[PDB]
Amino acid sequence: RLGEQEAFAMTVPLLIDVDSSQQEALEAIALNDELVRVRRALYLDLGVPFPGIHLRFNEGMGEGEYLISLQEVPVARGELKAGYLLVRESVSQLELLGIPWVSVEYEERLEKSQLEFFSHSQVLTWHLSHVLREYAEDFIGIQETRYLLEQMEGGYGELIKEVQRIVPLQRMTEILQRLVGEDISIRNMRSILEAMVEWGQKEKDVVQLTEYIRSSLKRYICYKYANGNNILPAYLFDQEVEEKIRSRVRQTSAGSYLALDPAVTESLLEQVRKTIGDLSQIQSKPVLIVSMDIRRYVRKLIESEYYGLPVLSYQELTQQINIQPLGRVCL
Amino acid sequence: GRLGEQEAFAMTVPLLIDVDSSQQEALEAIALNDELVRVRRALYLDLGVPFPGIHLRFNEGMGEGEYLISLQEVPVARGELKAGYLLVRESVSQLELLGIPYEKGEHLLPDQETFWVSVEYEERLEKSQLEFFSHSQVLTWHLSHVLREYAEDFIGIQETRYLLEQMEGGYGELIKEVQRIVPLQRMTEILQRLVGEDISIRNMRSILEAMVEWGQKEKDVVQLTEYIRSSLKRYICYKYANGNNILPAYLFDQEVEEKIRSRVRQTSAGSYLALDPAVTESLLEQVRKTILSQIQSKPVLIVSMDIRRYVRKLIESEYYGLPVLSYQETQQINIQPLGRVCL
Amino acid sequence: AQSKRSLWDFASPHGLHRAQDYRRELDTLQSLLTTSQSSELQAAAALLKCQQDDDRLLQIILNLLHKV
Amino acid sequence: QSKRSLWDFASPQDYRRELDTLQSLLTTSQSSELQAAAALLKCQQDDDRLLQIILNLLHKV
Amino acid sequence: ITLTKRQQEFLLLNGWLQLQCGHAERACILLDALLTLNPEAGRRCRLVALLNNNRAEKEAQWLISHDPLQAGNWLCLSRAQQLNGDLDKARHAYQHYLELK
Amino acid sequence: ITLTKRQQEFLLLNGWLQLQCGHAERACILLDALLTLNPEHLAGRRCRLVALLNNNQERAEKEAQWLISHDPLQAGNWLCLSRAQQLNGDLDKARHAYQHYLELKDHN
């Protein structure tokens, strides 16, 4: 009544706004259980404490417009042409021309051909999972790290008390964010905390400390990136390229960014593109392996184009691994 | 109250709206008391500034159609327009209005082109679907404009402390860390600078996280607030990139950026950008030659971060519309270069 | 007001990913129009070269900064 | 009412643009009254040029 | 020489401000230019300017004998004649203004 | 020297973006090149008409005549003509065209 100050309210962390024409038509499908199931699966795979998901049905928009917004800012705006009937296919190719989004009458005969069938819940949860995986860094704050530490007080009290006295909350949260940015799971917190204790007294730079913590997860990285039997596809770098990259580390007060020369990075990226070769035709998830001291510097060099190809450190590799060099990036 | 009482001190009201009489009971029909809170709440949700309470008074001393909005008992927006008697107004009047020319007249300058038509013409003019601002609509529009252009005066130490205390239950350790890293004065100044660029405070979590991350490294207010702006990459991108990946740009040449940076003058805080009146005149002339208000996407100027604010105050005098952005401020954006500001 | 919005909606077309497609189409169009002899295509080609190099400059600026 | 009634009897950003047009119009003039008006306008035109220089020098950022 | 009301309003406002800020000479020259160009508001301003400067009676005669729609035309005359030295006739003019009120 | 449909779409999008950023003349140049190469589609003409209206150019009447003689089923084709006629001084004809547009919108 023009006497209240502002009635402050905090922004919702995660919001999903779908049309009002599936409020009760898309109810029996159990989307409110599928969302928690996929969130739990993603947490078990990664360990990031994702927030609660608010689902609202808005009649302002029409058709099957769905939007996923992080902190009231839309990050994934999709339109479901699948609203009426049209179930979709994810691996549609020229082969589909031989046997031709599809209607539900074609669903039986296409599932006899056993293709990928994403329903409304499945496509929505796929988009949600992609958003959570590519935006997990925004779900790790100081509050989240403090909650994680308080949850493990009963388990490892002295370990937490020591790691808190060794490194501050800000550095620890930044380390966790950098770890998650490379799809490295936080779930195994014991080894991460032990590495934090062991290496936090020696290194103060965030990059080197997080590289050491990555190297503390040798077997996890090996299992995650090598589905075979100790066979790891590699695209190892030549010594000359590594030295050229390292020559411009530029470790300033805020950020050790490696800006060398735009032409030099263009030439190196051209050499990498010539070497790695194909992109979509390649399977088995090849990984780039380079010297540890520049690993992140290499990753951010190729993150623009090759968001897939991971970058690994020599220290991150445990023994008893048959590293097969697919090709050296020459100069 | 006698001649022995000292003064009976009373604090000035923060926000006051004084409207003429003969509309105490002739008006107030529609809302007049719910529309105001609605628009204030909406503007807060858009921005996050804790706007104060609204004091509404009917004064018979003035004429019949004069309303004034005053901040802290100082008038900031006056206007002798209660739609005349009932003559609703048009906001986008032009030769388009002469296409169907009902009787019109000009008045005080509230903003853009404005003309007034009677209520008998209202039906046929709304058949043309033109904009129809009623008394409530024009009053709330002026209130919203005042709040938007003067929001920096609504962010004090008390307001920021209230915001922090309201979020204590939610993020306690984050608030304690941001308190131990930066003081209240710097935090409030940063919030004021953010709001001065139409950047919403609403998302306080990321602001506090950026404050924690960068408050230990930078002590200058300009650099710290630039880093906090860069911490809102996706918010800025969604706010300005209206289409899928469309970001209009008026990028600066390297020579012009170097010339601007050559006179940062970080002597006694403030960091004022004084190069030379002739040099700034020439640069403004070049910008005018390169860069009209007949646009719809709100193009934004993009320049190097370290001088972004210094550039903004350079063009705020003429191009108050055109925002200025930093390169650090997200990816997957198709920056469309409309033209280089040459030297 | 409404008429101006109707004008902009009438001019409006819209689903293309753009990004890489923009730079590829730019290079193809600039090399197609360079061969031309018409005046209108000459102005179009010069405009495309202008945008091709302002974009090359912004790619260089993004490559030059980077904040690991 | 006093002198206020006298003042009421006397009583009724394109300013710089009208100023420049009027100053160039009156510069062509030849009559004495228009010459005095033109000199007054040039005076104010240059006091304003001085204030534009002061505003350019005065910045806070 | 020809102009429109657009510039005439700029001149009127400048003359009014200069007169209200004790100059009166600048207002006098500006209003002389205005009247020499457009002889058809400015007349009242220049009448008050001449009253505060101190000729005023001759200009006041035009307004009194050709624009009898304003009751203020009898205050200025009074002031003008009080500058000329006719107090009794000034009182008569004040009485005329009261009658027209 | 024909254009690909991809290229025609690139030109259409660039013209729309230039119109969306006020550079009416730049959009006009792009859309004029597109129509001089492929005149088949009128969407480029459809937006260059509004671009010319914002550019203050009789040419708009000719383009509106083309749109009316080839796609007379859109009421929007009667706003541009109206604007052109109100820009060219024929206010009465602009009034008539606006009334015709209102009648066609009521029909639609």
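Residues numbered from 1 in each chain as written, not as in the entry; some residues may be left out. Chains lettered and ligands numbered in written order. Part of a larger assembly, values for the part shown. Heavy atoms only, no water.

Per the deposited record, the coordinates in this entry were obtained by X-ray crystallography to a resolution of 4.10 Å.

Sorry, what's going on with the packing of helix α3 (residues 43–55) of chain F against helix α5 (residues 77–87) of chain F here?
Residue and element names in this part refer to chain F. Axis separation between α3 and α5 bottoms out at 10 Å; the angle between their running directions is 20°. Relative to α5, the element α3 is oriented roughly parallel. The two elements α3 and α5 meet at a crossing, and its hand is left-handed. Between α3 and α5, the contacting residues are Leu 49, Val 50 and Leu 53 on the first element and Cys 80, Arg 83, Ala 84 and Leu 87 on the second. Its residues assigned to classes, the contact of α3 with α5 shows six nonpolar, no polar and one charged. (Axes fitted to C-alpha atoms, helices over the stretch in contact; angles between N-to-C directions. Helix = DSSP H or I, 4+ residues; strand = E, 2+ residues; numbered from the N terminus. Parallel < 35°, antiparallel > 145°, perpendicular 65-115°, else oblique. Left-handed = near helix turned anticlockwise from the far one by under 90°. Contact = heavy atoms within 4.5 Å. Nonpolar A, V, L, I, M, F, W, Y, C, P; charged D, E, K, R; others polar.)

Where do I start with the packing of aromatic side chains in this structure?
Aromatic ring pairs are defined here through the distance separating the ring centres and the angle between the ring planes. A full pass over the atoms with the stated rule returns ten aromatic pairs over all chains. Consider the rings of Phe8(A) and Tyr44(B), whose centres lie 6.5 Å apart with planes at 55°: the pair is tilted. One end of the pair, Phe8(A), is in the segment before β1 (14–19); the other, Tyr44(B), is in helix α1 (residues 35–47), on a second chain. Like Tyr44(B), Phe8(A) is buried. Aromatic pair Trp7(D) and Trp16(E): ring centres 6.1 Å apart, planes at 65°, arrangement edge-to-face. Taken together, the residues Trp7(D) in helix α1 (residues 2–10) and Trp16(E) in helix α1 (residues 5–20) connect one chain to another. What makes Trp7(D) partly exposed here is its relative accessible area of 32%. For the cation-ring pair, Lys202(A) lies above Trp199(A), with the distance from its terminal atom to the ring centre recorded as 4.5 Å. (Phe/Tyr/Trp six-rings, centres within 6.5 Å; stacked < 30°, edge-to-face > 60°. Buried < 20%, exposed > 50% of the residue type's maximum accessible area, 1.4 Å probe, protein only. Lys NZ or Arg CZ within 6 Å of the ring centre and 35° of its normal.)

Mind showing me how you'd approach the packing of helix α2 (residues 24–37) of chain F against α3(F) here?
The packing of two helices is summarised by the inter-axis angle and the distance between the axes. Residues and elements named next belong to chain F. Where α2 contacts α3, the axes come no closer than 9 Å and their chain directions differ by 150°. As far as their axial angle goes, α3 and α2 are roughly antiparallel. In this structure, α2 crosses over α3, and the sense of that crossing is left-handed. Listed contacts from α3 to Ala 24, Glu 25, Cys 28, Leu 31 and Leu 35 of α2 are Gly 44, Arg 45, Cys 47, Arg 48, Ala 51, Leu 52 and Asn 55. Here the residues of the contact of α2 with α3 are counted per class, giving seven nonpolar, two polar and three charged.

Is there a simple way to think about a nonpolar patch on the surface in this case?
On the surface, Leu50(D), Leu51(D), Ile53(D), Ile54(D), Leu55(D), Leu57(D) and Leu58(D) cluster together into a nonpolar patch covering about 650 Å² of accessible area. Its place among the elements puts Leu55(D) in helix α3 (residues 32–57). (Patch = residues over 30% accessible without salt bridge, like charges linked within 9 Å, V, L, I, M, F, W, Y side chains within 5 Å. Areas by Shrake-Rupley, 256 points an atom, 1.4 Å probe, with all protein chains shown as cover. Salt bridge = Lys/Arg side-chain N within 4 Å of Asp/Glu carboxyl O.)

Can you help me understand helix α4 (residues 59–70) of chain F in this one?
Because an α-helix packs 3.6 residues into every turn, residues spaced three or four apart end up facing the same way. Residue and element names in this part refer to chain F. Given a rise of 1.5 Å per residue, twelve residues ought to cover 16 Å, and the 17 Å separating the end C-alpha atoms of α4 matches this to within 8%. Here α4 has its buried residues at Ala 60, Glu 61, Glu 63, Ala 64 and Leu 67. Looking straight down α4, one finds its buried side chains confined to an arc of 165°; they lie on one side. (Expected span 1.5 Å × (residues − 1). Arc of directions from axis to C-beta.)

What am I meant to see in unusual backbone geometry here?
Among all residues except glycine, the phi angle is most often negative; among peptide bonds, the trans geometry is most common. Here the phi dihedral of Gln114(A) falls at roughly 55°; this positive angle occurs in a residue that is not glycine. With respect to the helices, strands and loops of the structure, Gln114(A) is situated in the loop between α3 (105–112) and β6 (117–118). The backbone of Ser22(B) shows a phi angle near 60°, a positive value even though the residue is not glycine. Mapping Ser22(B) onto the fold places it in the loop between β1 (15–20) and α1.

Hey, could you run me through the interface of chain A and chain B in this one?
Interface size is commonly expressed as the accessible area that is lost once the parts come together. Each partner contributes residues to the interface: chain A has 31 residues there, and chain B has 37 residues. Overall, the association of chain A and chain B removes approximately 3100 Å² of surface from exposure, summing both partners, and the carbon and sulfur fraction of that is 51%. The largest contributions to the chain A side of the interface with chain B come from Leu2(A), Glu6(A) and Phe8(A), which together make up 27% of the buried area. Linking chain A with chain B are three salt bridges, by the criterion used here. Of the charged contacts, one joins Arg234(B) and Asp138(A) as a salt bridge, the two residues approaching to 2.4 Å between their closest N and O atoms. Of all the secondary-structure elements, those providing two or more residues to the side of chain A that touches chain B are β4 (74–79), α5 (142–151) and α7 (169–181) of chain A. Considering each element in turn, the side of chain A that touches chain B owes the most residues, five residues, to α5(A). Of the residues contributing to the side of chain A that touches chain B, the split by class is 14 nonpolar, seven polar and ten charged. (Buried area = accessible area lost by both parts, 1.4 Å probe.)

Just to check I follow, could you spell out the arrangement of the chains for this structure?
In this assembly, seven pairs of chains are in contact, and the pair contributing the most contacts is chains A and B. With no contact formed, the shortest span from any C-alpha in chain C to any C-alpha in chain D equals 24 Å. Across all C-alpha pairs, the smallest distance from chain B to chain E is 15 Å, and the two are not in contact.

Sorry, what's going on with the sheet that holds β4(A) here?
In a beta sheet, neighbouring strands are held together by backbone hydrogen bonds and run either parallel or antiparallel to one another. Residues and elements named next belong to chain A. With respect to topology, four strands assemble into an open sheet ordered β2-β1-β3-β4, the strand pairing being mixed. Strands at the two margins of the open sheet, each flanked by one partner only, are β2 (53–58) and β4. Across the sheet, the axes of successive neighbouring strands diverge by a mean angle of 15°, strand direction being ignored. Bridging between β1 and β2 involves six bridges; their strand directions are parallel. Its bridge partner lying in β2, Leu 14 is registered against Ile 53. Strands β1, β2, β3 (65–70) and β4 of the sheet are contacted by helix α4 (residues 120–134), whose axis makes an angle of about 25° with β3. (Pairing = 2+ DSSP bridges.)

For this particular structure, what's the right way to read the UniProt feature "coiled-coil region" in chain C?
As annotated by UniProt and renumbered to match this structure, "coiled-coil region" occupies residues 17–33 of chain C. Split by type, residues 17–33 of chain C is 82% helix and 0% strand. Its first and last C-alpha atoms lie 24 Å apart. (UniProt positions renumbered as here; feature names shortened; annotations may be inferred.)

Sorry if this is basic, but what is going on with the pattern of salt bridges here?
Pairing between side chains becomes possible if they bear opposite charge and their charged atoms approach one another. In total, this model carries 49 salt bridges over all chains according to the counting rule given. Between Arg246(A) and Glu242(A) there is a salt bridge; the shortest N-O distance is 3.9 Å. A residue pair is termed a helical-turn pair when its members lie 3 or 4 positions apart in one helix, as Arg246(A) and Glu242(A) do in helix α11 (residues 239–246) at four residues. Look at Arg246(A) and you get partly exposed, because its relative accessible area is 22%. Across the salt bridge formed by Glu285(B) and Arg288(B), the nearest N and O atoms sit 2.7 Å from each other. Placement of both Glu285(B) and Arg288(B) in helix α12 (residues 277–290) is noted, with a separation of three residues, approximately one turn of the helix. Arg288(B) sits in the partly exposed class, given a relative accessible area of 33%.

Honestly, the interface of chain B and chain F in this entry has me stumped. Any pointers?
If you look at the interface, chain B gives 23 residues, while chain F gives 15 residues. Between chain B and chain F, the buried area comes to about 1700 Å², and carbon and sulfur atoms account for 49% of it. Together, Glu96(B), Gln336(B) and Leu338(B) form the three largest contributors to the area buried by chain B at its contact with chain F, with a combined 27%. Along the contact surface separating chain B from chain F lie one salt bridge. Taking the shortest distance from any N to any O, the salt bridge between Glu96(B) and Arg83(F) comes out at 3.3 Å. Counting only elements with at least two residues in the side of chain B that touches chain F, the list comes to α2 (95–99), β7 (246–249) and β10 (334–337) of chain B. Broken down by element, the residue count for the side of chain B that touches chain F peaks at four residues, all from α2(B). Considering only residue class, the side of chain B that touches chain F consists of twelve nonpolar, nine polar and two charged.

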